[PDB]
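Have a look at the structure below before the remarks.
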Amino acid sequence: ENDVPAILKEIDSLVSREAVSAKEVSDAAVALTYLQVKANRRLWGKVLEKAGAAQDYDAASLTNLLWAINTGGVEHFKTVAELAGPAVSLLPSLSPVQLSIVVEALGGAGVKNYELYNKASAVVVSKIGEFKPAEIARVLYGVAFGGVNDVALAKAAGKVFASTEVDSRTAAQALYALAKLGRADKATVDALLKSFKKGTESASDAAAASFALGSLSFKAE
Amino acid sequence: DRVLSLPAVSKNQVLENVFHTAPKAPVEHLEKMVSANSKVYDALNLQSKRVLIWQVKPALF
């Protein structure tokens, strides 16, 4: 009744057939993420092959695929960087949280797509109060790690981080993004360090805030 | 001159104006298209020993 290599072989046979659409690819990648399958690389490679091969894309399949690519820790630059086509073609059609996961996944891999980050920055500064601050930190992570030195998005994020109380993981993401940008604006950093008062639920996030406060050379907190 | 009342067109000329081209056998189409579709099978099947699918869309290991 609980056989996980059986479902691994059945989703291996799901993405080994010849006419797999994008939604089966998305759900297979999401099922591989939730199952923590880091030993088997060939199955992740089949999912990435069919992810690059698939052509039709709606919002939710693309964002579930990109979320799975982040969270699984899988990287293949050609497939992820060729997913900027479905991203930039569906950018008004993406929700705020969907735009956050798309720009976070395409920034964290290193895709150099200045149309995507410009048309994402215009959306974040056009609808700024409409976004949850974790989505603000996700787009800040993406535009920072996508090679765009965006002052406008950084300042419009810093005003929100002065205005809104944010989460610990959100603060760690914004610290990592501002350290990649190399800003050290104290009016944002000390506002983001009042969010490490609950404790940090993921020590990846405490480690990332450690590295960001070290590269920006602020404090031991 | 009895020979001038015989038909002047020889039996050779009849046999070379009637059977002018060597006709195409029907099994030639089968054997030629089979020897070429064997190459279509070899390159493009997913069960052949020499498939092109790993030389064309390599892998992702």
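Lettering and numbering for the structure tokens are positional, with chains as A, B, ... in the shown order, residues counted from 1 in each chain, and ligands counted from 1 in the shown order.
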
Problem - chain A residues near chain B (6 Å cut-off, only C-alpha atoms) as JSON, numbers by chain - result: {"A": [41, 42, 45]}

Selected residues, N, CA and C atoms, written as a JSON list (two decimals), in the first residue's frame, please.
```
[["chain", "number", "residue", "atom", "x", "y", "z"],
["A", 41, "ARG", "N", 18.95, 10.46, -10.72],
["A", 41, "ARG", "CA", 19.09, 11.62, -11.59],
["A", 41, "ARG", "C", 18.48, 11.40, -12.96],
["A", 42, "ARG", "N", 18.39, 10.14, -13.41],
["A", 42, "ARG", "CA", 17.89, 9.87, -14.75],
["A", 42, "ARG", "C", 16.41, 10.19, -14.87],
["A", 45, "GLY", "N", 16.18, 13.80, -15.16],
["A", 45, "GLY", "CA", 16.60, 14.17, -16.49],
["A", 45, "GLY", "C", 15.52, 13.94, -17.53]]
```

Practice task
Mind checking which residues fall within 10 Å of residue 44 of chain A, counting only C-alpha atoms, ignoring those fewer than 6 positions away in the same chain, and posting them as a ChimeraX atom specification?
Solution key: /A:12,15,28-29,32-33,37-38,50,69,72,74-75 /B:60-61

Could those selected residues go to a file with C-alpha atoms, as a short mmCIF file (atom, residue, chain, number, x, y, z; two decimals), in the first residue's frame?
```
data_model
loop_
_atom_site.label_atom_id
_atom_site.label_comp_id
_atom_site.auth_asym_id
_atom_site.auth_seq_id
_atom_site.Cartn_x
_atom_site.Cartn_y
_atom_site.Cartn_z
CA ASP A 12 9.12 7.14 -15.17
CA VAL A 15 7.42 10.90 -18.98
CA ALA A 28 5.67 14.56 -12.45
CA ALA A 29 8.22 17.17 -11.38
CA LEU A 32 9.42 14.10 -7.63
CA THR A 33 9.92 17.16 -5.43
CA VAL A 37 14.22 11.70 -5.05
CA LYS A 38 17.79 13.08 -5.14
CA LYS A 50 10.11 16.57 -21.55
CA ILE A 69 12.93 22.84 -10.22
CA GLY A 72 14.23 19.80 -5.84
CA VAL A 74 17.84 20.33 -9.84
CA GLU A 75 19.72 22.49 -12.32
CA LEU B 60 20.09 14.05 -19.37
CA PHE B 61 21.86 11.98 -16.76
#
```

Practice task
Might you pull out every residue within 10 Å of segment 192-207 of chain A, with only C-alpha atoms counted and same-chain residues fewer than 4 positions away left off, and present them as a VMD selection string?
Solution key: chain A and resid 158 161 to 162 164 to 176 186 to 188 211 to 213 221

Practice task
Could you give me, as a PyMOL selection string, each residue of segment 136-192 of chain A that DSSP assigns to helix (DSSP H, G or I) when run on this structure's backbone?
Solution key: chain A and resi 136-145+151-163+168-181+186-192
